Structures are given as structure tokens and as C-alpha cells.
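Inspection log for the structure reproduced underneath, given as C-alpha cells.
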Amino acid sequence: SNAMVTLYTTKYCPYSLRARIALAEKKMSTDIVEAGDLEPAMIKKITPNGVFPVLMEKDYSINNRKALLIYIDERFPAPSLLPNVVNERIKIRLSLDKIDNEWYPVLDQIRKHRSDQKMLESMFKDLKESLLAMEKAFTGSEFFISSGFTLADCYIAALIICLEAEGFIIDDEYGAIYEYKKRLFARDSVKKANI
Amino acid sequence: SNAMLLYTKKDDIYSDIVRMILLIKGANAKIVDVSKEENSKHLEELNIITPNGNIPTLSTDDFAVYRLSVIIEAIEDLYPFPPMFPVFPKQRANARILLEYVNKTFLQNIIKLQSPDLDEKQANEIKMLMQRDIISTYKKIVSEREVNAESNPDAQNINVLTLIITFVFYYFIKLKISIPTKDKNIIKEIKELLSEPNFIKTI
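Next comes the structure, spelled out in C-alpha cells:
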């Protein structure tokens, strides 16, 4: 009905957790519905390709992973989910890409190869180092690389969610990160998405 | 001052595209061909500010951004005038999707063909894989341009995906790949499309 938009989503899928975190942020009247709890006939009606986070309103239907979130932030402008300062915004637009490209794959590779425990033992050891050396490199800022909530945070929020559901958890032994994660999960956006 | 530094390499279709947008903006920018041995000095630099001497790279005092989309967006922030994108958030996204297609299909493949260790069978396949989806592609790029132009006749923005493709034809022509089309005015369009002034100025 009046559900201006509806977001169809899969469970344990960052791409869908990213979208739900930002739609909450936009105080939007949207219907949310799951897959697996749909007719094998309609799932193909809305998104013919099994891509899965799919946002559809009256006369448009979208799911392009790398483009969806930018669209939400643009379609429902207030509140803005990008920086105001040109330069900041410019490099957030880059950190986004690096994220989607160098970090999200580590996720799949923690899953697709997860039915084996000797590989995991090492991968978790890597994700350990890769963060260990940055947990210092970033500090003194409320959220990620900005003053306020960015898409970048939506990205990371969701990513962490999936990883700690793989068994990868962030401890007291990272630092400004653990509390940055604490702050992340402090937000009413991230909390209705985690449960 | 406006110390914008664009790192490039000769015949690198990405660079050529960023170089022709910057022209349109009227942005002042020190272009830097890293292929040229005079700039051994800047190439040393680049490999400090990018994980893999990425090209092209748009460097300023505050940042060093690479990757086409990021760059193209980056320029839109910096030099708003004239507009590179549509304005309706639906059409903006569509172009973002299309640009991501044209890229994985022609833009990066164009770059594989420039490697001197490509295995004679490899490319023939690349080229022909390219020939298949190019016309359909062009046709998509137009349709969308007819839409966005008509949805706002007063906006008067440029179609970045039309510019980008002009280059994909110019490299089809550079690599001796045929453009399979009989259609009269498609070829008329193509020819005119390569005859737009700033394109020449870029080359």
C-alpha cells in the first residue's frame, strides 16, 4: 500500500544490512519483507536474478549492489549520509570502494571456505593483523573518518555484524575500534538491524 | 594555488576520459604523463600516494583519489559547472549502473589488450566479445539520454556516458576493431560524435 518503498532482504547478508541501516536513518515509511518466506514465483517477479537486497517503489526497482545505497541517500535526501566538506566527502567516496572491494571479499572467503577449521584459524589471524595495525592509525573521531554518520559507517556496521556471526568477534584488544563498534551498535539504526 | 595534479599514461583510455572532463569543467590541472621519462620525479611520488602507482590518479593537497567513478564524482564536487549527471535520483542511478557496465566490458578489456604478453587467442576473443555488446550498448546510452534530456529541457546538463563511449569508439578505431553496424545514421551519429570540439582538443 502506502509503503512508499519496500526492501526485500536475505538473512546474514551485509548488502541487505547496509540498506536497512540507512533506511532507518532516513526515517522512511517503508515495508520490509524477507526472502525464503516468499513464493518461488514472486521472488522471480520482483528481482529476476536472485540479487538480494531489492528496493522497489511505485515505478522503479533497484538492486545494483555498488549503487543501491548511494540511491537511498539521494532519493530521500534528509538527513544527508555523506560529508559536507568537499574533500572529506571525496575521500569517503573512495574508502567506500576500497571497503566493498578489499574487505567484503574477506567475508565471503570466511564463509565459502568455512566448512574447514584449519583455514579459518589462519584467516582470523590475518583479519587480526590487518586491524591490529589500523586500530592505532585511527582515533579521536566519533564515527568513521568524519564528524557524523556516513554511508561508510553503514558499510562497516553491517560487515561487522556478519563477521561476528561467523564467529569473528572484536575484543578489548583492539582499542578505539571496540568502542567505535560499541558506538556503532549504540545507534538506533544499527540496533533494529542486528536483531 | 588550485594545485590539482592529474597523473596519466599515454594511450590510457581512463586518463583520456578524465582529461576531457577536466577540459569541459574548465578546471586548471597539471596533467602528468608517467610514461614520459622526464617525470621520473612524479612517478617516484605517485608510488608513495597510491597502493599500486594507480593510473589515472587525481591528486590534490588534501587527497589522492583513483578509480574512474570516484574520480568522475570527485570532479563533480569540485567543479559543479556544468553538471555531469542527470538530476532525477532514478536516472542518476541508472547511469551509475550503465557506467559500471561499459567499464567491466570495454574499459578494462581495452586495457588487457594493451598488455604485450596476451596470448594470440585471448584477444581475438576479447575484441569479438566487445563487438557483440557494443551496438546494443550505444543504443542503451542514447535512449537514456533522450529520457533525461526530456525530463528536464531547462537543466542543460551533459551526458557523461555519451562522452565515455565516444572514447570506446576511438579505441575501437585505435586497435583496429570493426564497429559492426549497417545502420546509416548510427554511423552518422558516431562520426559526429567523434567530431565534437573538446574531443579533438583532448587528442
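Protein sequences appear in the order of chains C and A.
Sequential numbering of the first sequence, starting at 0, is according to PDB author numbering.
Sequential numbering of the second sequence, starting at 2, is according to PDB author numbering.
Even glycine gets a Cβ: it sits at the ideal position worked out from N, Cα and C.
Problem set entry | Where the beta strand (DSSP E) through A:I32 begins and ends | Per DSSP, A:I32 is one residue of the beta strand (DSSP E) stretching across 31 to 34.
Problem set entry | C-alpha distance - A:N149 paired with C:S79, whole-angstrom precision | Computed Cα separation, rounded: 24 Å.
For this session: Have a look at the DSSP bridge pairing and note the partners of C:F123.
Result: Looking at the DSSP assignment, C:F123 forms no beta bridge with any residue, so it has no partner.
Exercise. What did DSSP end up calling C:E56 once you bin it into helix, strand or coil?
Worked result: DSSP places C:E56 in strand when its eight states are reduced to three.
For this session: Indicate whether at least one CB of chain A lies closer than 8 Å to the CB of residue 198 of chain C.
Result: Here chain C covers residues 0 to 194 and nothing more, so residue 198 of chain C does not appear.
Exercise. For A:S41, is the classification buried or exposed, using 16 other Cβ atoms within 10 angstroms of its Cβ as the cut-off for buried?
Worked result: Within 10 angstroms of the beta-carbon of A:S41 lie fewer than 16 other beta-carbons, which makes it exposed.
Exercise. For A:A75, which beta-bridge partners are listed by DSSP?
Worked result: Assignment of beta-bridge partners to A:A75 by DSSP yields no partner.
Problem set entry | Residues that C:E33 bridges to, as DSSP identifies them | Beta-bridge partners assigned by DSSP to C:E33: C:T8.
Exercise. CB C:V189 to CB C:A156, shorter than 8 Å?
Worked result: Yes, Cβ-Cβ distance for C:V189 and C:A156 is below 8 Å.
Exercise. How long is the line joining the alpha carbons of C:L95 and C:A66, rounded to whole angstroms?
Worked result: The straight-line gap from Cα to Cα measures roughly 11 Å.
Exercise. Are the segment 3 to 22 of chain A and the segment 158 to 175 of chain A touching by the rule of at least three beta carbon pairs closer than 8 Å?
Worked result: With a cut-off of 8 Å on Cβ pairs, the segment 3 to 22 of chain A is in contact with the segment 158 to 175 of chain A, counting three or more such pairs.
Exercise. In whole angstroms, what separates the C-alpha of A:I73 from that of C:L93?
Worked result: Going by the C-alpha atoms only, they are around 12 Å apart.
Problem set entry | Cross-chain neighbours of A:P90 in chain C, by beta carbon under 8 Å | Within chain C, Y70, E73, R74 have C-beta atoms less than 8 Å from the C-beta of A:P90, given in sequence order.
Problem set entry | Simplified DSSP assignment, three categories, for C:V85 | When DSSP states are grouped into helix, strand and coil, C:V85 belongs to the helix group.
Exercise. Do the segment 45 to 62 of chain C and the segment 29 to 41 of chain A meet, that is, are 3 or more Cβ pairs less than 8 Å apart?
Worked result: In short, these stretches do not touch, since the Cβ pair count stays below three.
Exercise. Assuming C:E134 and C:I194 make a contact with CB atoms under 8 Å, what is their CB distance in whole Å?
Worked result: Between C:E134 and C:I194 the beta-carbon gap is near 27 Å, outside 8 Å, which marks them as no contact.
Exercise. Residue range of the beta strand (DSSP E) that A:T9 falls in?
Worked result: For A:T9, the enclosing beta strand (DSSP E) has its first and last residue at 6 to 9.
Problem set entry | Secondary structure of A:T58, DSSP reduced to three states | Annotated three-state conformation of A:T58 is strand, per DSSP.
Problem set entry | Delimiting residues of the alpha helix (DSSP H) encompassing residue 1 of chain A | Outside the modelled stretch of chain A, which goes from 2 to 204, sits residue 1 of chain A, for which no answer is possible.
Problem set entry | Local Cβ density within 10 Å of A:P81, reported as buried at 16 or more and exposed below that | Counting C-beta atoms within 10 angstroms of its own C-beta, A:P81 has fewer than 16 neighbours from the protein chains shown and is therefore classed as exposed.
Problem set entry | Interface partners of A:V71 on chain C, CB under 7 Å | Here the neighbours are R92, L93, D96.
For this session: Have a look at A:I201 and A:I191 and give me their C-alpha separation to the nearest angstrom.
Result: Rounded to the nearest angstrom, the two C-alpha atoms are 14 Å apart.
For this session: Check distances from the C-beta atoms of the segment 94 to 105 of chain A to those of chain C and list, in chain order, the residues that come in under 8 Å.
Result: Listed by position, the residues of the segment 94 to 105 of chain A near chain C (Cβ gap below 8 Å) are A94, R97, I98, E101.
Problem set entry | Neighbourhood of A:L23 by C-beta distance below 6 Å, restricted to the same chain and skipping five residues each side | Excluding residues within five positions, the ones whose Cβ falls inside 6 Å are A30.
Problem set entry | A:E74 at chain C interface by Cβ criterion, 8 Å | In terms of beta-carbon proximity, A:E74 lines the interface with chain C, with at least one pair separated by less than 8 Å.
Exercise. Hey, is the segment 97 to 111 of chain A in contact with the segment 153 to 160 of chain A, meaning 3+ C-beta pairs nearer than 8 Å?
Worked result: With a cut-off of 8 Å on Cβ pairs, the segment 97 to 111 of chain A is not in contact with the segment 153 to 160 of chain A, counting fewer than three such pairs.
For this session: List the DSSP bridge partners of residue 225 of chain C.
Result: Residue 225 of chain C lies beyond the stretch modelled for chain C, which goes from 0 to 194, so this question has no answer here.
Exercise. If you pair each beta-carbon of the segment 113 to 132 of chain C with each one of the segment 100 to 110 of chain A, do three or more pairs fall below 8 Å?
Worked result: Too few Cβ pairs lie closer than 8 Å, so no.
Problem set entry | A:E46 burial status per 10 Å Cβ neighbour count (16 or more: buried) | Under this definition A:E46 is a buried residue.
Exercise. Of all the CB atoms in chain C, is at least one closer than 8 Å to the CB of A:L79?
Worked result: For A:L79, the answer is yes, since a Cβ of chain C falls inside 8 Å of its Cβ.
Problem set entry | 8 Å Cβ cutoff, A:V66 in contact with chain C | Taking Cβ atoms only, chain C reaches closer than 8 Å to A:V66, which makes this a yes.
Exercise. So, does the CB of A:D63 fall closer than 8 Å to a CB anywhere in chain C?
Worked result: At a cut-off of 8 Å between beta-carbon atoms, A:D63 makes contact with chain C.
Problem set entry | Residue-chain proximity (C:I61, chain A), Cβ-Cβ < 8 Å | Look at C:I61: its C-beta is under 8 Å from a C-beta on chain A.
Exercise. Secondary structure at C:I61, three-state DSSP: helix, strand or coil?
Worked result: In the structure shown, C:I61 sits in a strand (DSSP, three-state: E or B).
Exercise. Between C:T9, C:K127, C:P39, C:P82, which lies nearest to C:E33 when the distance is taken from Cα to Cα?
Worked result: Closest by alpha carbon: C:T9.
Exercise. Starting from A:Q123 and walking both ways along the alpha helix (DSSP H), at which residues does that stretch end?
Worked result: Its alpha helix (DSSP H) spans residues 122 to 152.
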